[PDB]
Structure formats: C-alpha cells, structure tokens
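My questions all concern the structure below.
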Amino acid sequence: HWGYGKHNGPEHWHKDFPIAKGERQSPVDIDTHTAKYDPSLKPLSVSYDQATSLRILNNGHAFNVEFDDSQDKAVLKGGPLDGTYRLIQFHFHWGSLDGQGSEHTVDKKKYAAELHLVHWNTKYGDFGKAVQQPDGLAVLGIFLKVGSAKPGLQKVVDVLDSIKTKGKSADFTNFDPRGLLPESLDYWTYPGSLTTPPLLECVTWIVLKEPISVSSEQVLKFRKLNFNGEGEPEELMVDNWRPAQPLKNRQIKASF
Ligand SMILES: O=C1NS(=O)(=O)c2ccccc21
Ligand SMILES: O=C1NS(=O)(=O)c2ccccc21
Ligand SMILES: [Hg+2]
Ligand SMILES: [Zn+2]
C-alpha cells in the first residue's frame, strides 16, 4: 500500500513501519556549516570497472537498475566504510518540477533528483542478511540538477518507454554506472536508513557534494513513468521522494 500519494505517503508510513519515527532515519538536511571535516576518513574508492548490469524494473515506486552481485565486481570501499560493499542496484527519486525531487537537502536546497547507488556489506553474505545489521548497507547519493545532458544517463532514459507501468521490466546489460558519477568524490557521510519502507536503519550514507547535470529532456522522460500497473488509470511517477527527517543524535562528517 505505501506510496507518495496524499493517502499513502511519507506522513502515513509510520503506521505500518514504526521505525519511520526512529533515531537514524533518512534522508536529512545537510547543514554544510555544521558538518565537520574528518581527517580520519580514508580515501573513498568506487570501483565499477567490472559492473554487470542485468535488468531494469518499474517497481511501482521508482525504477531499479539491477546488477549481478554474485561475485566481486562493482564495489564501494574506503572513506568511512569498513570492508567492501557490493553494488546490487541503483535508482532515482525525482520531482514533478525541477525545483524539487531530491531526498537529501543541502542547507535546505532541494535538487531536481537524487541517484542512490545501493551496496551491501560482503561480510554478511547477501543483501537480506545485510539489512539486519547496523552496518549492512552503503548508499552513494548523487544530486541531479537540470542543465546540460548527462550522456551516461541516456541509455537509461531511452529504455523507460519499455517499463512504463508497475511490474514491467526490460533487459539491461552492459550499462556502465561510471557514466553517472561527477568528477569530484568529495562527500558528506552519516549513519541513516533506507528512504523507503521498510525504512531499515542499516545504511552508511555517502552523499557526493558535486551534483551531476542532466537535461530537462532527460528528467522529463522520468516523469512519464507510471506508479500504476498497465491498463489502470494513469498516475504519473513523480515526487517519489521522502522529505528530510530529524537528525537527532547524529553528526555529519565532511571528507573535504
Ligand atoms: O506513490 C503513489 N502510489 S499511488 O499510485 O497510490 C499514488 C497516487 C498519487 C501520488 C502518488 C502515488
Ligand atoms: O529506495 C531506496 N532508497 S535507498 O537508497 O535508501 C534504498 C536502499 C535499499 C533499498 C531501497 C532503497
Ligand atoms: Hg539495520
Ligand atoms: Zn533511494
């Protein structure tokens, strides 16, 4: 049932998922003046050279580009992370207007969209067990702004036509996630959660400072996706973002 509508949106999620009012929920606002530079942070390492994409799926909430995570290929490590985290999927959250769409905010600024690259900690064997641990997941968050087009995003954009409605999927091999990254790997990091039900508090968040630019046209095609299933009345897939949540007893560290 959960969604982003008036009757099933983020303000309703606590009823089925009481952790929504928890101690380390995501996303959060990033107060750049309060974040502290942490010399203890080691160099971040994003190694997506051997990434193997498999499929793209419309799950009724976003679209997921899924990877083969059966062995050590696309992995995130270093920075605040202990050990190696394996890429399982990526997805976006975006708005109905360029003025909104991101989940994390920076000094209350909302970007047009936000990319989440999801990885699980290989010490726990698989995703499922990973989401039972306080350090089971690492998510690399990247902001999207509207300006020039992102060439590495365009294969994603052109397949969306084929997964318009909930439950549809298409083959999506040989997609290179390195084309979605910005030049800089400066980031903010804090302990947090999934931004969607079940909102599990297992995530080390790594939010890149430098946004990637995407074209109006590319994000506009995102907004053509549907929340509903085929043959059902059209509910455009937009504003699938959760607003910022109480920082509570947490500190945000800067790698720069
Ligand atoms: O996320 C959603 N799921 S839904 O199709 O019930 C819906 C309707 C309107 C706005 C958002 C949403
Ligand atoms: O939608 C979500 N945004 S997130 O990156 O926190 C995440 C992690 C795992 C599964 C789903 C999702
Ligand atoms: Hg957890
Ligand atoms: Zn997400």
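Counting starts at 1 for both ligands and their atoms, following the listed order. Each residue takes its place number in the sequence, starting with 1.
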**Request:** Using non-hydrogen atoms of the residue, decide whether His93 is closer than 4.0 angstrom to ligand 2.
**Result:**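 Within the 4.0 Å threshold, so yes.
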**Message:** What's the separation between atom CZ in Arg242 and atom NE2 in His104, rounded to the nearest 0.5 Å?
**Reply:**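 The NE2 atom of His104 is 10.5 Å from CZ of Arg242, to the nearest 0.5 Å.
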**Message:** Show, in sequence, the C-alpha distance, side-chain angles and deciding distance for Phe172 and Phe63, and conclude whether the ring pair (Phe, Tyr, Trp, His ring centres under 6.0 Å) test is met.
**Reply:** CA-CA 12 Å; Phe172 207 64; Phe63 62 85; 8.8 Å; no
**Message:** Applying a heavy-atom cut-off of 4.0 Å, say which part of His61 lies close to ligand 2: side chain, backbone, both or neither.
**Reply:**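 Contact part for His61 vs ligand 2: neither.
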**Asked** Any idea which atoms of ligand 2 are less than 4.0 Å away from a heavy-atom of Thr196?
**Response**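 So the answer, numbered in order with elements, is 1 (O), 2 (C), 11 (C), 12 (C).
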**Request:** Give the intermediate values and the outcome of ring pair (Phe, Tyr, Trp, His ring centres under 6.0 Å) for residues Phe92 and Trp241.
**Result:** CA-CA 9 Å; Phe92 304 76; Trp241 48 277; over 10 Å; no
**Prompt:** Is the count of non-hydrogen atoms from other residues, nucleotides or ligands lying under 6.0 Å from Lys108 atom NZ greater than 12?
**Reply:** no
**Asked** At the 4.0 Å heavy-atom cut-off, does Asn228 count as touching ligand 1?
**Response**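 Contact check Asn228 vs ligand 1: negative.
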**Message:** Donor-acceptor pair, distance only, cut-off 3.5 Å: does the side chain of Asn64 make one with the backbone of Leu57?
**Reply:**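 No: the side chain of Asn64 does not pair with the backbone of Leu57.
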**Asked** Given the rule in the ring pair (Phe, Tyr, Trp, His ring centres under 6.0 Å) test, do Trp94 and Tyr111 qualify, once you have shown the distances and angles that lead to the verdict?
**Response** CA-CA 9 Å; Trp94 61 94; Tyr111 286 90; over 10 Å; no
**Message:** List ligand 2 atoms under 4.0 Å from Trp205, heavy atoms only on the residue side.
**Reply:** 5 (O), 6 (O)
**Item:** Which residue and heavy atom of the protein sit nearest atom 10 (C) of ligand 1, plus the separation
**Value:**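 Here the closest protein heavy atom is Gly5 CA, 3.4 Å.
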**Request:** State whether the side chain of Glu210 and the backbone N or O of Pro182 hold a donor-acceptor pair below 3.5 Å, judged by distance alone.
**Result:** no
**Asked** Which of the atoms of ligand 2 are close to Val139, meaning less than 4.0 Å from one of its heavy atoms?
**Response**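 Those atoms are 5 (O).
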**Prompt:** Does ligand 2 have a heavy atom under 4.0 Å from the side chain of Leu194, from its backbone, from both, or from neither?
**Reply:** both
**Request:** Could you check atom 5 (O) of ligand 1 against the protein and tell me its nearest heavy-atom contact, residue, atom and distance included?
**Result:**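 The closest heavy atom on the protein side is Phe227 CB, 3.5 Å.
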**Prompt:** Among protein heavy atoms, which lies nearest atom 1 (O) of ligand 1, and at what distance?
**Reply:** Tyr4 N, 2.7 Å
**Prompt:** Nearest protein heavy-atom contact for atom 12 (C) of ligand 2: which residue, which atom, what distance?
**Reply:**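 The answer is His91 CE1, 3.5 Å.
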**Asked** For the side chain of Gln89 and the backbone of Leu87, is there at least one donor-acceptor N/O pair under 3.5 Å apart?
**Response**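 The answer is no, because no donor-acceptor pair under 3.5 Å joins these two groups.
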**Asked** Can you check whether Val238's main-chain N or O pairs, donor with acceptor, with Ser96's side chain at less than 3.5 Å?
**Response** no
**Request:** Return the residue, atom name and 0.1 Å-rounded distance of the protein heavy atom closest to atom 9 (C) of ligand 1.
**Result:**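 The answer is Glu235 CD, 3.3 Å.
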**Asked** Any nitrogen or oxygen of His116, main chain or side chain, under 3.5 Å from a nitrogen or oxygen of ligand 2?
**Response** yes
**Prompt:** Just by distance, do the side chain of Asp107 and the backbone of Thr32 share a donor-acceptor pair under 3.5 Å?
**Reply:**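 Yes.
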**Asked** Out of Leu236, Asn240, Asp239, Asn8, who gets a non-hydrogen atom closest to atom 3 (N) of ligand 1?
**Response** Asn8
**Prompt:** Any idea which atoms of ligand 2 are less than 4.0 Å away from a heavy-atom of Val118?
**Reply:**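 In order of numbering, the contacting atoms are 5 (O), 8 (C), 9 (C).
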**Request:** Please state which part of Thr195 comes within less than 4.0 Å of ligand 2, counting heavy atoms only: side chain, backbone, both or neither.
**Result:**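 Both of them.
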